[PDB]
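Visitor: Return a 3D structure for these sequence lines:
(chains A, B, C, D, E, F, G, H, I, J and K, ligands or ions: 4)
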Amino acid sequence: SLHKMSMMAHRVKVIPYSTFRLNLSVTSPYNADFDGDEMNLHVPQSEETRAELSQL
Amino acid sequence: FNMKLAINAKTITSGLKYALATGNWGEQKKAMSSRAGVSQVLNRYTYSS
Amino acid sequence: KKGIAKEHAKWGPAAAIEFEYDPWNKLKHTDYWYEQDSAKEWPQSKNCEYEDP
Amino acid sequence: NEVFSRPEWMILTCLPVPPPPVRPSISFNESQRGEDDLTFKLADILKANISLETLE
Amino acid sequence: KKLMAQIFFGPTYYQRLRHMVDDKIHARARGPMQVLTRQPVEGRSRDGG
Amino acid sequence: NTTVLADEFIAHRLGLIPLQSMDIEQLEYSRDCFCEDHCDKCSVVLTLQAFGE
Amino acid sequence: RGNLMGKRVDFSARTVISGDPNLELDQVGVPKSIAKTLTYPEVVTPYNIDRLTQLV
Amino acid sequence: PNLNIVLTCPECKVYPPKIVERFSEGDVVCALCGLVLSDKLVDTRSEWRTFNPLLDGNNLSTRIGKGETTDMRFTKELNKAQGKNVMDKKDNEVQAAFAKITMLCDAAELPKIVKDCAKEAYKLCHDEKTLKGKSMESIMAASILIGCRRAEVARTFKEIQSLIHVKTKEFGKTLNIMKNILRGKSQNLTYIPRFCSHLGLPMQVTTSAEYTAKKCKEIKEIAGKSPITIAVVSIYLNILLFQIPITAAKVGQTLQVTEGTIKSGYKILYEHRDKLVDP
Amino acid sequence: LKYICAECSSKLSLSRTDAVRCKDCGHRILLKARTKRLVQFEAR
Amino acid sequence: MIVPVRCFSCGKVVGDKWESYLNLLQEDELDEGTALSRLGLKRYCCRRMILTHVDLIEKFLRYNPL
Amino acid sequence: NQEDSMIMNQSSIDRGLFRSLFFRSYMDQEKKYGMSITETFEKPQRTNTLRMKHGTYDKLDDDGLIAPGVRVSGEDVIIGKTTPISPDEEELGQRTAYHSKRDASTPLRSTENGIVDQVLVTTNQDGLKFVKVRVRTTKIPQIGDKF
Ligand SMILES: [Zn+2]
Ligand SMILES: [Zn+2]
Ligand SMILES: [Zn+2]
Ligand SMILES: [Zn+2]
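Guide: Numbering: from 1, shown residues only, chains lettered A, B, ... in the order given. Ligands and ions are numbered 1, 2, ... in the order given. The protein structure is shown below:
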């Protein structure tokens, strides 16, 4: 991570055929082509945290 | 003139075995005259490689 | 056992196809790429003779 | 500061010990408890202290 | 239907790499503990974080 | 198996051999067949023998 | 640095992405094995009771 | 204090409970009820993936030397200070004996198991009034043979005294007193492949020699008193039964063995050449 | 039939210490028991 | 290795003409282009398959295991 | 395809493009820890070990090995160990019977599954019971491969 980007939140539509999937829009602030780079994911546990991720 | 010479044989064989196993390049002296990448594991993926 | 072609090509009988309509561009659904001429930079269809120029 | 810092405390007389969690025995998986660096060095400290006290 | 443009298209030589997906897929929740630090342990092998 | 090839390799090699297919309407799919494990109505049986002579 | 201002975590995912032109920005595509592996706590209200019972 | 944790489900109590471990989540659950007992298990393999104390004893050995970010002026002081505490322990003599049996076993090219078993045999007694010194090498010559034989490896006396001249009888009395020590604290068939190794023969003579040694052990004619030698003449009669020139003078100089005993065994198996061949 | 050890197509039937170095062969590597038991496969 | 079955490009049965394609080199001294002509695959999509297959199963099988 | 992604023909994958072998090996051997008696490669019974896994140990045979050619899942066991100490109050002290296991049987890596093949056993440098196995596993190319 370099700046305020790379930290997006998302909703989820669950997909088969195991891998991730995302929009072609947000690719350049993510600063990653599809050359095999890997992602990192986290899930909140309580509602204050889930709400502030959702709203910010 | 026999008892010492065969443990001498162990020292020379064990030293060469340790050197070409580890890649620490020197005797049992904890990396003196030390440079590492001399005993790489051979690359065995593809004939070209 | 039985099987069908749509889930696996083991039961495919076809394994070839050919498909042609308007060999002479009369419907003009697409142009041709060219660098100096549309005609000489392309070959005629084998199906040429059954429809007039 | 008198209440917390007075230079005779700055010279070491009586030495506390660290608890077993900071220096844990790794239980080295065939027969050993696998004693580690901190307990090893403390055992050296006790040996040297008992040697000095018998000598004096 | 007919396609508007035209396509450069034909035979070419490719090859296959080593980093396949099954060695890289990895996920974890409430697993093993490291005795020195009480944190999740390392390694995809022993189900790390 | 004894060859210098392996077994599922021989299987996928076998999978592409086509067969006679006239009366294929007469038999039934195993998914719709009431039986279990390849009755004569729903499947056929194949035997192969080779030797190192 | 490796234990206080950063450390290991829980509820984590790590795979490789592919693009898609049919999912908008606030979604993300998540594989179902990972969705089996992960979790999220909820609470029991009069509102969520039947859906939660069915999912149990 | 009784120093004891027992794990029991607080809702089943059928026995010391039939419980399982889920190491993939590090938890324990009573399999009947399905409730947890405790959580956050400690790994039992990762420490062996991370990195001779029984022979070095409770006190722990430490060799000291030099490094990169140090000075020669005080690492030579360290090199002359490393012997300032060797007299506090008898472990300097234990490790001197360990070094010397390492000298001996690797001199006779003996493996790691033979080395560690000789280390065990010294560490077993290491101090008795029965030991009483006895040149300090007789105890090691005994211990290496004890560890060799208990490693199911046979080595000759002639090999042992080719290694160290222990006058063969201080060695013998040391072997007797060690035999009594081990029995308080509580096989010649493998000589044959080393003999044919030094003679360079294929398999069928060796298998025939083993079969004839078994049969002659069963029947009669000890006849040589230390039947090592009648084993040796069983190899002699096998190789003379075949047609490879391994003549008696060559065998005697090779094995440092009496040729008259070879002719005596040759006569007593010349009588008994009948029932000793299978094919 | 328990051991093969070599280029022989012989069912040597070795169990415990009957000259492990093979008699009608010349090997000390002791090939082990291709299985009589029926196998299952899945060719989808 | 083994010349494969059912061409990726076309999909017809391939390898019938394989040892045929062999024996039209040795006892005929025949050039490969007219040899593929008479062999009779008028597409190229299968012509490449036999063109760039390399045998390995001969070098495989001239071991003597078991 | 965008930013160097790839579209492929699963029908060509069905026809047999890019299929691949995968050999994996294992190193395992025994030790002397006494009172010189070494470990054993035993087939565990129910009352055999200390702290048994959930390996469902039926895939092993009387020599403590797995016969080749059968299939294995991820968690399954292939080798069997037993602690030869001798002397540590061998099978009646501080444990049930379940004699002297402290069992360190090696399971397979818990994800990949396939067919074991051609198990060899041969003594080591000093002479012990030293074991290597090999497992064979097909991997059809999937969505997430680096090409
Ligand atoms: Zn049926
Ligand atoms: Zn319970
Ligand atoms: Zn053989
Ligand atoms: Zn084709």
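Visitor: element containing the spatially most central residue of chain B?
Guide: Centroid-nearest residue in chain B, with Cα atoms, centre = their mean: residue B:19, separated by 1.4 Å. In the assignment (DSSP states H and E), residue B:19 maps to helix B:3-22.
Visitor: I'd like the distance between the residue in chain C positioned nearest to chain K and ligand 4.
Guide: For chain C, the residue closest to chain K is residue C:9, as judged by Cβ to the nearest Cβ, at 5.0 Å. Yep, even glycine has a C-beta here, placed from its N, CA and C like the rest. Distance, residue C:9 to ligand 4, using Cβ to the ion, to the nearest Å: 13 Å.
Visitor: how far away is that residue from ligand 1?
Guide: 24 Å.
Visitor: same thing with residue H:91?
Guide: Distance from residue H:91 to ligand 1, by Cβ to the ion: 79 Å.
Visitor: What is the burial count for the nearest residue to residue K:22 once chain neighbours are set aside?
Guide: Once flanking residues are discounted, residue K:22 sits nearest to residue K:137: 4.6 Å by Cβ to Cβ, 6 or more residues apart in numbering or on different chains. Applying other Cβ atoms under 10 Å in any protein chain shown, we find 18 residues neighbouring residue K:137.
Visitor: Same check on the one 3 residues further on?
Guide: With neighbours defined by other Cβ under 10 Å, the count for residue K:140 comes to 11.
Visitor: Phi and psi next, for residue 37.
Guide: Going with chain A. As for residue A:37, its main-chain torsions (degrees, to the nearest 10) stand at phi -70, psi 150.
Visitor: quick one, what contacts the residue nearest to residue K:22?
Guide: If you count contacts by Cβ atoms under 8 Å, 6 or more residues apart in numbering or on different chains, residue K:137 has them with K:21, K:22, K:24, K:112, K:113, K:114, K:115.
Visitor: Check residue H:85 too.
Guide: For residue H:85, counting by Cβ under 8 Å, 6+ apart, the contacting residues are residue D:51.
Visitor: how close does it sit to chain K?
Guide: 30 Å (Cβ to the nearest Cβ, to the nearest Å).
Visitor: Assumed that residue was part of a helix.
Guide: No. Counting by DSSP: H, G, I helix; E, B strand; the rest coil, residue H:85 is not part of a helix but coil.
Visitor: Tell me how many other residues crowd residue H:159.
Guide: 13.
Visitor: ok, now residue H:19?
Guide: Using other Cβ under 10 Å, residue H:19 has 16 neighbouring residues.
Visitor: just checking, it touches residue H:29?
Guide: Yes. Using Cβ atoms under 8 Å, residue H:19 is in contact with residue H:29, at 6.9 Å.
Visitor: Pull up the overlap in contacts between those two.
Guide: Here residue H:19 and residue H:29 have residue H:37 as joint contacts, going by Cβ under 8 Å, 6+ apart.
Visitor: and the residue of chain C closest to chain K, how far is that from residue K:143?
Guide: Between residue C:9 and residue K:143 the distance is 19 Å, computed by Cβ to Cβ, to the nearest Å.
Visitor: Looking at the two, which is more packed in?
Guide: Per other Cβ under 10 Å, whichever of residue C:9 and residue K:143 has more neighbours is residue C:9, with 21 against 14.
Visitor: for that one, what are its contacts?
Guide: With Cβ under 8 Å, 6+ apart, residue C:9 has these contacts: J:11, K:11, K:14, K:15.
Visitor: from these, which would you call buried?
Guide: Buried members of those, scored by 16 or more other Cβ atoms under 10 Å in any protein chain shown, are J:11, K:14, K:15.
Visitor: Pick out the residue nearest the middle of chain D.
Guide: residue D:42 (3.6 Å).
Visitor: And for the nearest residue to that one once chain neighbours are set aside, the neighbour number?
Guide: Distances taken as Cβ to Cβ, 6+ apart place residue D:17 nearest to residue D:42, at 7.0 Å, with adjacent residues excluded. Other residues near residue D:17 come to 11 when the count uses other Cβ under 10 Å.
Visitor: same thing with residue K:138?
Guide: Neighbours around residue K:138, by other Cβ under 10 Å: 14.
Visitor: And the contacts of stretch K:6-15?
Guide: C:8, C:9, C:10, F:16, J:6, J:8, J:11, K:1, K:17, K:140, K:141, K:147.
Visitor: at 7 Å instead, please
Guide: Residues outside stretch K:6-15 that contact it (Cβ atoms under 7 Å, 6 or more residues apart in numbering or on different chains): C:8, C:9, J:6, J:8, K:1, K:140, K:141, K:147.
Visitor: For residue E:17, see how far away the last one is.
Guide: Taking Cβ to Cβ as the measure, residue K:147 falls 7 Å from residue E:17.
Visitor: These two: who's more crowded?
Guide: Each of residue K:147 and residue E:17 has its neighbours counted (other Cβ under 10 Å); residue K:147 has more, 13 against 9.
Visitor: Switch the contacts of stretch K:6-15 over to JSON lines; also include secondary structure and distance to residue K:65.
Guide: Output for the contacts of stretch K:6-15, formatted as JSON lines (DSSP: H, G, I helix; E, B strand; the rest coil; distance: Cβ to Cβ, whole Å):
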{"residue": "C:8", "secondary structure": "coil", "distance to residue K:65": "37"}
{"residue": "C:9", "secondary structure": "helix", "distance to residue K:65": "40"}
{"residue": "J:6", "secondary structure": "coil", "distance to residue K:65": "40"}
{"residue": "J:8", "secondary structure": "coil", "distance to residue K:65": "41"}
{"residue": "K:1", "secondary structure": "coil", "distance to residue K:65": "49"}
{"residue": "K:140", "secondary structure": "coil", "distance to residue K:65": "29"}
{"residue": "K:141", "secondary structure": "coil", "distance to residue K:65": "33"}
{"residue": "K:147", "secondary structure": "coil", "distance to residue K:65": "38"}
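Visitor: could I get these as a markdown table with distance to residue A:29?
Guide: As requested, the contacts of stretch K:6-15 are exported to a markdown table (distance: Cβ to Cβ, whole Å):
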| residue | distance to residue A:29 |
| --- | --- |
| C:8 | 42 |
| C:9 | 42 |
| J:6 | 47 |
| J:8 | 40 |
| K:1 | 21 |
| K:140 | 35 |
| K:141 | 31 |
| K:147 | 26 |
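Visitor: Counting neighbours, what do you get for the closest residue to residue B:21 other than its chain neighbours?
Guide: Nearest residue to residue B:21, sequence neighbours excluded (Cβ to Cβ, 6+ apart): residue B:39, at 7.0 Å. Residues contacting residue B:39 under the criterion other Cβ under 10 Å number 12.
Visitor: Check the one 5 residues further on too.
Guide: By other Cβ under 10 Å, 7 other residues sit near residue B:44.
Visitor: Residue H:54 now?
Guide: Residue H:54: 15 neighbours (other Cβ under 10 Å).
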